[PDB]
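Letter by letter, the chains look like this.
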Amino acid sequence: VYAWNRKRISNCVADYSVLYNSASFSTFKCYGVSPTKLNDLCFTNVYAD
Amino acid sequence: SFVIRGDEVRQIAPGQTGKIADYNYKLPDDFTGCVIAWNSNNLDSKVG
């Protein structure tokens with residue numbers, strides 16, 4: 001928990017529909033951006049803890 | 001009236017996104033009403 005990993009991801013393409021169609025996730029609340037309008041955007045850097 | 005999974009009770013609300021909320025039952029943002037739900041595992045569940 002305290003030693004949380006941080007993976008910097010760059011130069012890739014992600015569809016994010018894998019996060020939708022998978023029902024194993026019991027917690028999925030996105031805060032600053034709508035996750036459905038994600039594949040039509042592009043961002044500088046993305047970090048995955 | 002319908003019977004859904006306990007994980008899908010989440011989705012019956014305005015502005016919600018999910019499988020049931022998008023493909024089975026969608027509720028408008030300007031909803032003027034109410035929703036009531038209760039567990040029925042003793043009734044709608046066969047032994048198999």
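Method-wise, the PDB entry is recorded as coming from cryo-EM, at a reported resolution of 4.0 Å.

By the naming in the PDB entry, chain B goes by Spike glycoprotein and is assigned to Severe acute respiratory syndrome coronavirus 2. Per the PDB header, the entry is named "Cryo-EM structure of a biotinylated SARS-CoV-2 spike probe in the prefusion state (1 RBD up)".

Taking the PDB entry as the reference, chain A is identified by name as Spike glycoprotein belonging to Severe acute respiratory syndrome coronavirus 2.

Visitor: Explain the pattern of salt bridges to me, please; I cannot follow it from the model alone.
Guide: Opposite charge on two side chains makes pairing possible when the charged atoms of those side chains draw close. Taken as a whole and judged by the stated rule, the model has 2 salt bridges over all chains. Where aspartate 49 of chain A meets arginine 6 of chain A, a salt bridge forms, and the shortest distance between an N and an O atom there is 3.6 Å. Here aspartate 49 of chain A is found in the segment after strand 2 (46-48), whereas its partner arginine 6 of chain A is found in the segment before strand 1 (7-9), with 43 residues between them in sequence. Its relative accessible area of 49% is what places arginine 6 of chain A among the partly exposed residues. Between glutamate 8 of chain B and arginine 5 of chain B there is a salt bridge, with its nearest N and O atoms 3.4 Å apart.

Criteria and cut-off values
Residue positions are given from 1 per chain in written sequence order; they need not agree with the entry numbering, and residues without coordinates are hidden. Each chain is given a letter, starting from A, and each ligand a number, starting from 1, according to the order in which they appear as written. Just a portion of a larger assembly is displayed, and each value is taken over that portion. Side-chain numbers here rest on the full set of heavy atoms in the structure, without hydrogens or water. Within this document, salt bridges are pairs made up of a side-chain nitrogen of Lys or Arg and a carboxyl oxygen of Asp or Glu, the two lying within 4 Å of each other. A helix here means a DSSP run of H or I that spans at least four residues, while a strand means a run of E at least two residues long, and both kinds are numbered starting from the N terminus. Only protein chains enter the accessibility calculation, which uses a 1.4 Å probe; a residue is then buried when its area is under 20% of its type maximum, exposed when over 50%, and partly exposed in between.

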